[PDB]
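Visitor: One structure coming up, written as structure tokens, with questions to follow.
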Amino acid sequence: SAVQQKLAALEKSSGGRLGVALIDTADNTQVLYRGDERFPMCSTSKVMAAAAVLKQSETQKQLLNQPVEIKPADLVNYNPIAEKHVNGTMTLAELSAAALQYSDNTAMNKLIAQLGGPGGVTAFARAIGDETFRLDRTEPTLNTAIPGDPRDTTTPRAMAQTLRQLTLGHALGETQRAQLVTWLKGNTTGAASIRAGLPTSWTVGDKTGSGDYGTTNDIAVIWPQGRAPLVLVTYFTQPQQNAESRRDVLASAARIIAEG
Ligand SMILES: *C(=O)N1C[C@H](NOS(=O)(=O)O)CC[C@H]1C(N)=O
């Protein structure tokens with residue numbers, strides 16, 4: 001279609017590989033670009049880990065208040081919030097918010113441990129019908145984003161469907177579905193990605209990711225005005241391992257998708 005033609009031209013001008021999945025929750029239509037190809041998730045995978053802990057909290061009703069120790073051996077490559085609480089503790093709610101709103105990797109590793117390793121995160125995806133998501137490693141080696149490597153990858157089509165079930169659907173419980181929505185709405189890392197390509201009036205919750213090979217990702221649930229919400233996944237990766245981030249590609253892909 002016409003939007004397919006604009007995303008392809010955007011991909012060609014970028015010199016990279018672009019994967020886009022849009023779900024319009026009015027007629028359940030889908031616009032896809034390389035929607036069945038695998039992309040390195042990087043820290044967009046933190047939504048699955050946080051949602052998995054939220055699913056646990058449905059049965060363990062005070063799980064999110066459990067304190068977790070932050071130790072110097074726990075710090076990894078990017079620890080904005082966890083660095084402020086070394087030799088102290090953070091609750092699982094605080095670690096989830098830090099993981100999704102500041103992309104703290106030490107917090108991610110705490111969520112993975114709560115679920116019993118990366119295989120516990122993958123388990124949750126399978127439990128909600130995501131047959132594609134796979135988490136094989138912890139922070140930070142899950143961000144190697146090597147071409148052809150299926151580790152820690154997913155397809156745009158599967159993440160869009162999963163992100164819909166987690167936020168708009170009821171893959172989670174009522175209080176949990178609302179908590180994840182509030183967390184995504186208060187992200188601080190995404191002003192230059194999907195948000196930058198959408199109208200100011202649109203309310204958006206998102207989770208960004210980045211890694212080697214210039215990988216630049218963002219997944220977002222979008223609430224327009226008087227309109228049925230949309231779900232958009234934008235994944236991008238490049239041929240050079242040392243390639244720089246291209247958040248502008250994500251902004252332009254969201255601009256094209258949102259009629260423009
Ligand atoms: C996620 O991909 N990452 C965590 C952190 N912030 O990136 S994000 O705001 O696009 O999610 C640093 C880069 C990256 C990583 N190396 O883990």
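By convention in this document, the chains of the structure tokens carry letters A, B, ... by their order, each chain's residues are numbered from 1, and ligands are numbered from 1 in the order they are shown.
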Can you tell me which residues sit at most 7 Å away from ligand 1, counting only C-alpha atoms and all ligand atoms, written as number ranges by chain?
Guide: A: 42-44, 78, 102-105, 139-140, 143, 189-190, 207-211, 216-217
Visitor: Now that the selection is made, can you save its residues with C-alpha atoms as an mmCIF file, in the first residue's frame?
Guide:
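Full text of selection.cif as output:
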data_model
loop_
_atom_site.group_PDB
_atom_site.id
_atom_site.type_symbol
_atom_site.label_atom_id
_atom_site.label_comp_id
_atom_site.auth_asym_id
_atom_site.auth_seq_id
_atom_site.Cartn_x
_atom_site.Cartn_y
_atom_site.Cartn_z
ATOM 1 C CA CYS A 42 17.387 -4.625 23.547
ATOM 2 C CA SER A 43 15.671 -2.808 26.408
ATOM 3 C CA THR A 44 12.211 -2.948 24.810
ATOM 4 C CA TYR A 78 23.693 1.587 32.767
ATOM 5 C CA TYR A 102 14.656 5.203 32.919
ATOM 6 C CA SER A 103 15.732 1.962 31.174
ATOM 7 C CA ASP A 104 17.834 0.962 34.183
ATOM 8 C CA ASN A 105 19.605 -2.311 33.373
ATOM 9 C CA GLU A 139 21.838 -7.310 31.067
ATOM 10 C CA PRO A 140 23.979 -6.134 29.377
ATOM 11 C CA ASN A 143 22.064 -5.921 23.692
ATOM 12 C CA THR A 189 13.562 8.199 27.375
ATOM 13 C CA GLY A 190 11.277 8.478 24.361
ATOM 14 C CA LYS A 207 9.409 1.846 25.869
ATOM 15 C CA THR A 208 12.626 2.503 23.945
ATOM 16 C CA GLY A 209 15.634 0.290 23.320
ATOM 17 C CA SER A 210 19.089 0.533 21.798
ATOM 18 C CA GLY A 211 22.216 -1.517 21.356
ATOM 19 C CA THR A 216 17.242 1.768 17.788
ATOM 20 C CA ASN A 217 13.844 0.537 18.955
#
Visitor: Could you please write out, as number ranges by chain, every residue of stretch 22-257 of chain A that DSSP assigns to alpha helix (DSSP H)?
Guide: A: 46-59, 92-101, 105-114, 118-127, 156-167, 174-185, 247-257
Visitor: Which value, in Å to one decimal, gives the distance between atom CA of residue A:237 and atom CA of residue A:219?
Guide: 14.5 Å
Visitor: Skipping near chain neighbours, those fewer than 2 positions away, what residues fall within 12 Å of residue A:100 using only C-alpha atoms, listed as an MDAnalysis selection string?
Guide: chainID A and resid 43:51 81 93:98 102:108 111 179:190 205:209 218:220
Visitor: Extract, using only C-alpha atoms, all DNA, RNA and protein residues at most 8 Å from residue A:14, discarding same-chain residues fewer than 3 positions from it, and format them as a PyMOL selection string.
Guide: chain A and resi 10-11+249
Visitor: So that I can see what lies close to residue A:192, please list as a ChimeraX atom specification the residues with an atom at most 7 Å from it, counting only C-alpha atoms and leaving out residues fewer than 5 positions away in the same chain.
Guide: /A:247-248,251
Visitor: Determine which residues of stretch 20-248 of chain A receive a DSSP assignment of strand (DSSP E or B), computed from the backbone, and state them as a count of residues only.
Guide: 46
Visitor: Residues of stretch 129-236 of chain A that have any atom at most 10 Å from an atom of stretch 17-38 of chain A: could you tabulate them with the shortest-distance atom pair and the distance in Å to one decimal, using only C-alpha atoms, ordered by chain and increasing number, as CSV?
Guide:
residue,atom,partner,partner_atom,distance
A:132,CA,A:38,CA,9.0
A:133,CA,A:38,CA,9.6
A:147,CA,A:38,CA,9.7
A:148,CA,A:38,CA,8.5
A:149,CA,A:38,CA,9.0
A:150,CA,A:38,CA,7.2
A:151,CA,A:38,CA,9.7
A:152,CA,A:38,CA,9.5
A:153,CA,A:38,CA,5.8
A:154,CA,A:38,CA,5.1
A:155,CA,A:38,CA,4.7
A:156,CA,A:35,CA,4.9
A:157,CA,A:35,CA,5.0
A:158,CA,A:36,CA,8.0
A:159,CA,A:21,CA,8.3
A:160,CA,A:21,CA,6.2
A:161,CA,A:23,CA,7.6
A:164,CA,A:23,CA,8.3
A:168,CA,A:25,CA,9.1
A:215,CA,A:17,CA,9.4
A:216,CA,A:18,CA,9.7
A:217,CA,A:19,CA,9.4
A:218,CA,A:20,CA,9.9
A:219,CA,A:21,CA,9.3
A:220,CA,A:22,CA,9.7
A:221,CA,A:23,CA,9.5
A:222,CA,A:24,CA,9.8
A:227,CA,A:26,CA,8.0
A:228,CA,A:26,CA,5.3
A:229,CA,A:25,CA,5.7
A:230,CA,A:24,CA,4.8
A:231,CA,A:23,CA,5.0
A:232,CA,A:22,CA,4.4
A:233,CA,A:21,CA,5.1
A:234,CA,A:20,CA,4.7
A:235,CA,A:19,CA,5.0
A:236,CA,A:18,CA,4.7
Visitor: When distances are computed from only C-alpha atoms, which of A:41, A:9, A:254, A:75 shows the smallest separation from residue A:212?
Guide: A:41
Visitor: Point out the residue among A:52, A:128, A:3, A:90 with the least atom-to-atom distance to residue A:162, counting only C-alpha atoms.
Guide: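 For residue A:162, the nearest of the candidates is A:128.
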Visitor: Might you pull out every residue within 8 Å of residue A:238, with only C-alpha atoms counted and same-chain residues fewer than 5 positions away left off, and present them as a PyMOL selection string?
Guide: chain A and resi 15-17+213-215+243
Visitor: Kindly save the residues from that selection, with N, CA, C and O atoms included, as a compact mmCIF listing (two decimals), in the first residue's frame.
Guide:
# COMPACT_ATOMS: atom_id res chain seq x y z
N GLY A 15 19.75 3.53 5.06
CA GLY A 15 20.83 2.57 4.95
C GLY A 15 20.78 1.45 5.97
O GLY A 15 21.77 0.74 6.15
N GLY A 16 19.64 1.26 6.63
CA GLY A 16 19.51 0.21 7.62
C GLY A 16 18.37 -0.74 7.33
O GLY A 16 17.94 -0.87 6.18
N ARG A 17 17.88 -1.42 8.36
CA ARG A 17 16.76 -2.35 8.22
C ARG A 17 15.67 -1.94 9.20
O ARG A 17 15.93 -1.77 10.39
N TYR A 213 25.31 -2.42 16.70
CA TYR A 213 24.87 -2.34 15.31
C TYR A 213 23.83 -1.24 15.11
O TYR A 213 22.94 -1.35 14.27
N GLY A 214 23.98 -0.16 15.88
CA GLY A 214 23.10 0.99 15.74
C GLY A 214 21.64 0.69 15.98
O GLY A 214 20.78 1.42 15.48
N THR A 215 21.34 -0.37 16.73
CA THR A 215 19.96 -0.76 16.95
C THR A 215 19.22 0.32 17.71
O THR A 215 19.71 0.84 18.72
N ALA A 243 27.65 1.52 14.50
CA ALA A 243 26.74 2.53 13.98
C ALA A 243 26.07 3.29 15.12
O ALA A 243 25.82 2.75 16.20
Visitor: Hey, can you check how far atom CA of residue A:146 sits from atom CA of residue A:114?
Guide: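 Atom CA of residue A:114 lies at a distance of 27.1 Å from atom CA of residue A:146.
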